[PDB]
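Please read the structure below before turning to the comments.
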Amino acid sequence: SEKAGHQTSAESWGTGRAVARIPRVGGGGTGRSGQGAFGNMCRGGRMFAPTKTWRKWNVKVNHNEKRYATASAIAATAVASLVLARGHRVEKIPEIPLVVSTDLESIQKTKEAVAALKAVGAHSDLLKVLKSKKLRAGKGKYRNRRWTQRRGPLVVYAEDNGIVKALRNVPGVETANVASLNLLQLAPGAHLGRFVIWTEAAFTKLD
Amino acid sequence: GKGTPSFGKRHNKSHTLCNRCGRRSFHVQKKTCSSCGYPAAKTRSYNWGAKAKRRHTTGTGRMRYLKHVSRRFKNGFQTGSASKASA
Amino acid sequence: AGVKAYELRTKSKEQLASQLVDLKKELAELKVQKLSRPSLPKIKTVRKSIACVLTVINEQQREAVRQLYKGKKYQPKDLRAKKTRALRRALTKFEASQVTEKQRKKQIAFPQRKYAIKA
Amino acid sequence: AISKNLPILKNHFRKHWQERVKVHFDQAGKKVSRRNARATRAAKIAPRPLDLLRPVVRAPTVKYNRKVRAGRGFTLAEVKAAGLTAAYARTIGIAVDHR
Amino acid sequence: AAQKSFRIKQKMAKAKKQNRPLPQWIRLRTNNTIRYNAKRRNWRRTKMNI
Amino acid sequence: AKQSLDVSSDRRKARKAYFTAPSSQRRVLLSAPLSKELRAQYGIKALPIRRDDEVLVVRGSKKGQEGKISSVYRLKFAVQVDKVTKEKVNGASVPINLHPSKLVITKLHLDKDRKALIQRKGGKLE
Amino acid sequence: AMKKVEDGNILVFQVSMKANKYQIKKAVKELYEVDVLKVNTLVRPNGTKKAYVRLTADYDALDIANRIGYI
RNA sequence: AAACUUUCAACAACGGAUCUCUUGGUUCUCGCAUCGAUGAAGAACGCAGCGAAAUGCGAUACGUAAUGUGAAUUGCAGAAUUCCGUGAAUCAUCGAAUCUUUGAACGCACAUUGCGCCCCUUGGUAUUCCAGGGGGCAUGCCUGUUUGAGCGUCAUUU
RNA sequence: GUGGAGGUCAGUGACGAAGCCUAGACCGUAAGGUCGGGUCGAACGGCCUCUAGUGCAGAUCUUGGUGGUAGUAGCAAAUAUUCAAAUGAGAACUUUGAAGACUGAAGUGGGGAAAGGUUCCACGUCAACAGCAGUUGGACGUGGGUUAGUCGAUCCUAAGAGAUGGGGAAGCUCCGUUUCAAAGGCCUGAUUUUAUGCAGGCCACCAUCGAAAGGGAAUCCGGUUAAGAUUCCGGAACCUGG
RNA sequence: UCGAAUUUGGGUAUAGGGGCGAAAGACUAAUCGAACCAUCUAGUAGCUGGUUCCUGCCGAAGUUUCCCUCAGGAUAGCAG
RNA sequence: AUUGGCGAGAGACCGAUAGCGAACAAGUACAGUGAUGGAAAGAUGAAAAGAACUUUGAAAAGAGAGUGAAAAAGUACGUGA
Ligand SMILES: [Mg+2]
Ligand SMILES: [Mg+2]
Ligand SMILES: [Mg+2]
Ligand SMILES: [Mg+2]
Ligand SMILES: [Mg+2]
Ligand SMILES: [Mg+2]
Ligand SMILES: [Mg+2]
Ligand SMILES: [Mg+2]
Ligand SMILES: [Mg+2]
Ligand SMILES: [Mg+2]
Ligand SMILES: [Mg+2]
Ligand SMILES: [Mg+2]
Ligand SMILES: [Mg+2]
Ligand SMILES: [Mg+2]
Ligand SMILES: [Mg+2]
Ligand SMILES: [Mg+2]
Ligand SMILES: [Mg+2]
Ligand SMILES: [Mg+2]
Ligand SMILES: [Mg+2]
Ligand SMILES: [Mg+2]
Ligand SMILES: [Mg+2]
Ligand SMILES: [Mg+2]
Ligand SMILES: [Mg+2]
Ligand SMILES: [Mg+2]
Ligand SMILES: [Mg+2]
Ligand SMILES: [Mg+2]
Ligand SMILES: [Mg+2]
Ligand SMILES: [Mg+2]
Ligand SMILES: [Mg+2]
């Protein structure tokens, strides 16, 4: 608050009273009287350089560099060593990149979407999620950030025909259109090697 | 003798209770409340006195009538009464 | 215990006045007994019955006056609606919808036509 | 104070400028609100196309007279030549500029 | 003053009725956090200033 | 996950609403599941607990004890069951507070309003 | 107050702070069917109004108090 | 040598740091437009079976009426238990009322719970005195009504 | 090394997380890190990155807490106390009696004004308070208590204050107190279902506030309470209005 | 000093660059060679004080010129 | 446009000397004639189960006994430098 620590008429008493020159609360009869005020060293005082809203929050990135990083992240999703190093349980996946039939785009129910992911090999990654769920360490747990967990596979489609809502409730699993391909999802924590399951139409549309 | 012996002579009253703000700020000889400005029609307040404004502003009292305006507006200042009898 | 408003609403003006007097007598007797008893929680019921009887009597009197003033100009102010000072100052629907017939002719001749673009 | 080899700066910050700092935190929110307002108006006036037809005019000055751009409204002569009145054109979605 | 206005007497009556300790049953209420009368006023300590 | 913009995931707001919920809201908050027999007999899962219901404790140190509700003490979010008490050292008996979520309803106190509620929830009401 | 009931033929009432001596006289006559000799009033330190209502010699205040209900 | 002084440890103190917690704050975003002479905001006093506060309310006083829900409230006492119901509740909702003394504050006045006047009515022998109940009496300005003033002025009339 | 953020170790944990204590151990030149033991009870780390309200011995620094001084200075003005009994767990200090003293009537007496506000009085009662103590108390807890035609206020005007008419001021408001204003109420006719109808003058006084010591209608005596009295009771008077 | 230029209660009037002063720059609520309260205001300071972890490497200046410059800057030098 | 009012959703924000002065009967207690000035103060335990009873003491209380997972949680109440 811009007025925090300054809702006071305190003045410095000056020298000659065997006390520090800090401005002091006037009046009498309460206990707050004669106490230091307005200082960053003072209890209840104003902090040093109070935080301002016009601090820069968003950062501009060149469009071409953004696309560079997105392309590199996409190519990193096809490197088996990078995905394994990033933390996905892809040791028994047949091949990377993993491309599944376009029938996945039209799957409606969560149960059959999970069955399809487990059939194509995402079972270990799905189990790694919802087994890694931990209470957050620190004060973020009462700033609406109570639980942390690992990221699961990212499923990339060409046309949403129910796959998004089918996979919405599965923990850790993310969905994405080929037209967008969020870098935040492709390299979480700036670590390359997201485990990505492509539909055939999405894989074709990449070109 | 301007200190302790002079304090022994304080037995009059410059201010008594104000009928408007009830604060013991009615200056007896000026017939004016030093706090609320009574009997002036307007209520005394100053922009340099932000804390005083806060002390006497709307919402620091009962809001006997104004506290129901939001509900009456939200219902659209309806007239009449609810109809259905009982379950 | 206590009286019920819907039961009071079938009674006439004089019956309600007699009931109010009886309830006040009972409240006086209870207030006398309270000085002797450590607690008398029954005084609250009689107080609320008095309040209910006064409510019903006021309802009948105000409805009778509304009947007297039904369908005529200049109702009593306490019987008028109390929407808001500014809302009561505001122009009525008829006053706000008044237009000169120069504008009425304009609006009739050239209203906002509805149309669609094909391609 | 002046020191070193630096350009002379003219940062105008000698008034109570921090009282009048506008940060557009609401850029995304107002974009959403504008899109909602457009959708609401389109539904209200459906099937009208949300904007009047505008004429083509020459931009003034030597710097821009090489370009044409949308104007405010068609002239009364243009509307008469097209074969309709200004009053009716304004009711069927044609912007009309009398000046 | 022994010649007091009714307004002063009425204020004195309110102060007299307020001058009492905390009722004991208050402490037994569910989720009670009131331990004593924190607004207790005495004639020898604090003056009520009319 | 949460989809509506009219509902909040703020933990502070959720806890404030729970602890300051009025009595009528606490009635719904103090709901108990039905037993297997009543679930089959009525076709519903849980009901707000009432004062004359019969319940069985399924969690806690008193698990397995049956009884009848004696008070739905909404002020502290607990119900009291007769013959489920603590014996103090001075020969006195004090009721033990239990949460309805830890109980199961074995026999339902029924009247017109309860029956209407059961049908409203879709109960066969044998 | 109860000493005054028999030792002085005086009833002691708490009365509305808005009532005067005429009103107290009329109210006592109406409520208790007695004739009043005099009404003396004071405002108690607790902000309530106390009335000493001396009845005439034709009424015994102790009998009136018994009929009313106290003592 | 003890006592004493000092250092360290254990236990016990003093004190309230640390850690964990959070119905609070702070900032951003979105939506909405609603105070008052029909008496607001604010103030005083009062109201509960047992409350000094806070919260609520106004002599109909932690409230009345209406509507919904559908069996509580709870610290104790009391009551209820026809609770398969026009019906519990410090419940929710709220469109009907009440709303002390005040306050722009309006009969005059106010450091007074001071002093008037008008109408209806009741009682005391009562148009006149006294008292009780009910209803009234501010200022500026607008439109209209009524009654008027001015050799300002027209006509007609002694 | 610290608070928070993305990712990861499917990391640690009620079979004990964090914190705290530990002349117990190990690693690092060091900032520090690690382990054991004790205490404790609910969350918390490693690593790769991101971010900042990120590291204290000082600022007569801020807030809070605590020492030595130190059982030290001080509790030495107002002549002064003593014996016994009672009560009590406990008596230099409470109560009663006895004695010795003092204020010595511009009092250490009896009342009041301002101010205070229940401090008055009773019962219970001693954790805190009383310059020691305390069974006592202006303390604490619970109650009781202030009665008016005659005493005051209320009325009058004082120095003054202050509306209205009117003038000034952007305005909050300022002047002014009878002013350059069309500024009001007395008697009498009165059919008294009921309030008026025309009469004819009557000063021209201009609101109102301003004194609990100025002015001013009228009450005394005896008795009575734990605490009220010119107010209650008894008796005996007086004034005003009708 | 003590019968008046006396002492004093209450009421009342005068308010801050204003008052009031038998005059001391006295007094104007422990405040007076310009009261008190709040705000402008975190007023400015070439001046005093303080400015919080470790190790490693390099390592000064108090001199030049100009400045209402002489307890300060700019400038060149020395340093990284 | 909107540091006010009403109704909502949020955060790489603060976490009881911080964050609004005010997480609590906070613009409260309290100070000043007055304008104004203006604090401190959150945490037993899942549940009061808040220690029946015996004994020493005038009593406070102590010692036992008991409740509790824990009294190294006893309302002088989490941890306890
Ligand atoms: Mg931590
Ligand atoms: Mg004075
Ligand atoms: Mg004193
Ligand atoms: Mg009297
Ligand atoms: Mg050590
Ligand atoms: Mg541990
Ligand atoms: Mg715990
Ligand atoms: Mg800092
Ligand atoms: Mg330090
Ligand atoms: Mg002695
Ligand atoms: Mg002592
Ligand atoms: Mg005494
Ligand atoms: Mg006492
Ligand atoms: Mg007299
Ligand atoms: Mg007068
Ligand atoms: Mg006496
Ligand atoms: Mg007599
Ligand atoms: Mg001499
Ligand atoms: Mg001075
Ligand atoms: Mg000055
Ligand atoms: Mg400064
Ligand atoms: Mg070196
Ligand atoms: Mg120097
Ligand atoms: Mg704080
Ligand atoms: Mg605080
Ligand atoms: Mg604590
Ligand atoms: Mg333990
Ligand atoms: Mg513990
Ligand atoms: Mg502890």
Side-chain angles (χ1 to χ4, degrees), chain A residues 1 4 7 9 18-20 26-32 36 38 41-43 47 51 53 87 128 131-132 135 137-138 140 142-143 150 188-191, chain B residues 2-3 11 14-16 20-22 25 28 34 41 48-49 52 55-56 58 61 65-66 69-70 73 75 78-82 84 86, chain C residues 5-6 39-41 50-52 54-55 58 77-78 80 82 84-85, chain D residues 1 3 25-26 29, chain E residues 1 3 5-6 10 12 16 18 20 22-23 25-26 28-29 33-34 37-39 43, chain F residues 5 8 15-16 19-20 22-24 51 75 86 88-90 97 111-113, chain G residues 8 22 26 40-42 45 52:
Chain A
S1 177
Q7 309 188 71
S9 55
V19 292
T30 186
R32 178 77 169 132
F38 290 157
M41 77 287 300
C42 296
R43 179 192 180 270
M47 71 186 276
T51 53
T53 48
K128 181 264 289 180
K131 270 210 181 284
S132 51
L135 196 59
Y142 39 85
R143 284 152 189 202
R150 302 295 84 74
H191 295 141
Chain B
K2 62 184 157 187
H11 61 251
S14 287
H15 304 88
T16 190
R20 193 152 86 178
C21 65
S25 306
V28 178
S34 70
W48 49 258
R55 287 177 187 107
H56 313 119
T58 299
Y65 168 80
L66 184 52
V69 172
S70 179
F73 157 84
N75 295 302
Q78 55 182 354
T79 60
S81 64
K84 183 67 181 294
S86 174
Chain C
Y6 66 80
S39 280
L40 194 67
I50 288 161
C52 185
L54 282 167
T55 306
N58 208 31
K77 273 177 193 186
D78 77 307
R80 298 168 194 187
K82 193 179 179 173
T84 286
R85 183 184 173 110
Chain D
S3 76
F25 292 119
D26 60 2
Chain E
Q3 293 178 356
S5 79
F6 178 83
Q10 192 171 238
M12 287 153 57
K16 171 200 175 61
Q18 282 173 325
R20 75 159 279 172
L22 189 79
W25 61 268
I26 288 296
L28 314 167
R29 289 177 331 189
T33 51
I34 305 166
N37 185 356
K39 299 174 171 183
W43 74 272
Chain F
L5 283 83
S8 164
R15 277 165 58 78
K16 184 177 175 71
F19 283 113
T20 47
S23 184
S24 55
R51 189 177 61 251
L75 187 76
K86 194 178 200 295
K88 303 182 60 156
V89 295
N90 54 30
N97 289 334
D111 49 16
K112 289 195 291 184
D113 289 349
Chain G
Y22 310 110
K26 181 199 180 97
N40 278 37
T41 56
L42 67 90
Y52 300 106

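For the numbers below, each heavy atom of this structure counts, side chains included, while hydrogens, waters and symmetry mates do not. Reminder, nothing fancy here: chain letters follow the sequence lines and each chain counts from 1.
Mapping A:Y142 and B:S86 onto RNA chain H via the closest heavy atom, the residue that lands nearer the 5' end is A:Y142. Nearest-nucleotide positions on RNA chain J for B:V28 and B:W48 put B:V28 closer to the 5' end.
Base orientation of K:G7: anti, since the glycosidic angle falls outside 90° of 0.
An OP1 or OP2 oxygen of K:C14 is reached within less than 4.0 angstrom by a side-chain nitrogen or oxygen of A:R143. Residue B:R55 has no polar side-chain atom (N or O) positioned under 4.0 Å from OP1 or OP2 of K:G27. An OP1 or OP2 oxygen of J:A38 is reached within less than 4.0 angstrom by a side-chain nitrogen or oxygen of A:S9.
Following rounding to the nearest Å, B:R20 (CZ) and H:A104 (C1') show an atom-to-atom distance of 8 Å. Distance A:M41 CE to I:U63 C1': 13 Å, rounded to the nearest Å.
By the 5.5 Å and 30° criteria, D:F25 is not stacked with the base of H:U29. The aromatic ring of E:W43 does not stack onto the base of I:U119, failing the criterion of a centre distance under 5.5 Å from the six-membered base ring together with planes under 30° apart.
Side-chain proximity of F:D111 to the nucleotides I:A115, J:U39, H:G85 is greatest for H:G85. Taking the side chain of B:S25 as heavy atoms from C-beta on, and the options I:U146, H:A52, K:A35, the nearest nucleotide is K:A35. Listed nucleotides: H:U60, I:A10, H:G132. Nearest to the side chain of A:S132: I:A10.
Of all heavy-atom pairs between E:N37 and E:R20, the closest is ND2-O, 2.9 Å.
Side-chain N/O atoms of A:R32 and base N/O atoms of K:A40 include no donor-acceptor pair closer than 3.5 Å.
As the counterpart of K:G5, H:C32 is assigned, both hydrogen-bonding distances of the Watson-Crick or G-U wobble pattern falling under 3.5 Å.
Under a 3.5 Å limit on both donor-acceptor distances, the bases of H:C21 and K:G42 meet the Watson-Crick or G-U wobble criterion.
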